[PDB]
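Only one chain is shown below, in structure tokens, and it's the form deposited in one PDB entry.
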């Protein structure tokens, strides 16, 4: 099978075992983790480079007969780069195997990540990807994204992002590139507070992975059944989120006359605007545990310093009385907290390479899916509102962006002043 072929080719795999980051490929690289480097804070095999001088040094135990590279190879990992590091016009070297002349290195510079392969003469080839897109919400500033480098020493070096090919450069025309002996993770440039990044699931393979192979690794490491927050972190219970609809990214959820509506951000550049919603486990899973596909959840909104439970309206938005076809329900708040079916929802990941988003469903009385669009949701006013609603008969809306929700947590990689 493709997968066996894949995993079998692993010649370095940095994973957390017994609370230490080590090489689990079988090849016994020495992995020296700096004393202040925090491991396993978001995902099991992650590490955070955040304090001055944070470093991980890996010393390979590899071929001693070939001084020069003799086989194809690939490198994969996920990376998440803070807003403050992204906003710098400076250049930062993040991973480096160049000891004297040859080797490769990963750099960040003005919202771009650049991969460099260099030979013994310092002739080099470069692959670049603009992950920031000038801090756009569509881009990947402070967002987990899968990077993959494949090398055909007698062909091309390719750069993939989330399994999509971005850039190719011939490397067959380089002269000698020596086998790596040491790989250094860490920034040596002077950094400011809040300039941090995370790396997870670092692997090197002894072959040039096909695009098909790469998508298999990508899908396997994304953890398909773990719901994600906006940044690509696992979504957690008991954690504050600013919840936004994909069709109205600069509007926040707010109660107006006890009907939830979407109010426009006064400043589109400030993500953390609105009324934080905390997600509660109905089955009583551990505090702060990860939320998964199929979990029953309850939503609590913090509004003007008080907590309320978000519930579906018992009646439909317009009067024709008991509805059982094409029904639309507004959402409301109640101060009585407890397990009420009318307030129980379930969240399901949407498969997308460019957004971390989910659909939210209710099965109370009638099966509904939450979406946002323009409605007249008040019983005593004809006023329109961008309104989050629970709608029945939603089969034709399953691919509609109006049904996609994102959960923005206050993340250390995106800092906003009080």
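Numbering follows the first chain given and starts at 1. Heads up, when I say rigid core I mean the largest set of C-alphas that superpose within 1.5 Å between the two forms.
Asks: Return whichever of 40-48 or 383-391 has the larger RMS Cα deviation from the displayed form in 4 other deposited structures of this protein, where every structure is aligned on the rigid core.
Replies: With the rigid core fitted, 383-391 is the stretch that strays more in 4 other deposited structures of this protein.
Asks: After superposing on the rigid core, which of 332-340 and 173-181 has its C-alpha atoms sitting farther from this form in 4 other deposited structures of this protein?
Replies: Once the cores are fitted, 173-181 deviates more in 4 other deposited structures of this protein.
Asks: Given that the flanking residues are present, does residue 67 go without coordinates in at least a third of the other entries of this protein?
Replies: Residue status for residue 67: gap in at least one third of the other entries.
Asks: Is residue 162 unresolved, in the sense of carrying no coordinates, in at least a third of the other compared entries?
Replies: No.
Asks: None, 1 to 3, 4 to 9, or 10 or more: how many residues of the deposited sequence lack coordinates between residue 321 and residue 322?
Replies: In the record, 1 to 3 residues between residue 321 and residue 322 lack coordinates.
Asks: If you take the mean CA temperature factor per stretch, which one wins between 336-344 and 255-263?
Replies: Between 255-263 and 336-344, it is 336-344.
Asks: Hey, which bit's got the bigger mean C-alpha B factor in the entry, 394-402 or 21-29?
Replies: Higher mean C-alpha B-factor in the PDB entry: 394-402.
Asks: From 351, 360, 42, 56, can you pick the one with the highest C-alpha B factor in the entry?
Replies: Of the candidates given, the C-alpha B-factor peaks at 351.
Asks: Going by the entry, which of 125, 228, 207, 178 has the most elevated CA B factor?
Replies: Going by the entry's C-alpha B-factors, 178 comes out highest.
Asks: How does residue 284 rank on Cα B-factor within its chain, lowest, middle or highest third?
Replies: According to the entry, residue 284 has a C-alpha B-factor in the chain's highest third.
Asks: Should residue 47 be placed in the lowest, middle or highest third of its chain by the C-alpha B factor in the entry?
Replies: Answer is lowest: the recorded C-alpha B-factor places it there.
Asks: Just say lowest, middle or highest third for the CA B-factor of residue 117 relative to the other modelled residues in its chain.
Replies: Middle third - that is where residue 117 ends up once the chain's C-alpha B-factors are sorted.
Asks: Determine, from the deposited record, the chain-internal third of the Cα B-factor for residue 101: lowest, middle or highest.
Replies: Tercile = highest for this residue's CA B-factor.
Asks: Considering only modelled residues of the same chain, in which third does the CA B-factor of residue 294 rank: lowest, middle or highest?
Replies: According to the entry, residue 294 has a C-alpha B-factor in the chain's highest third.
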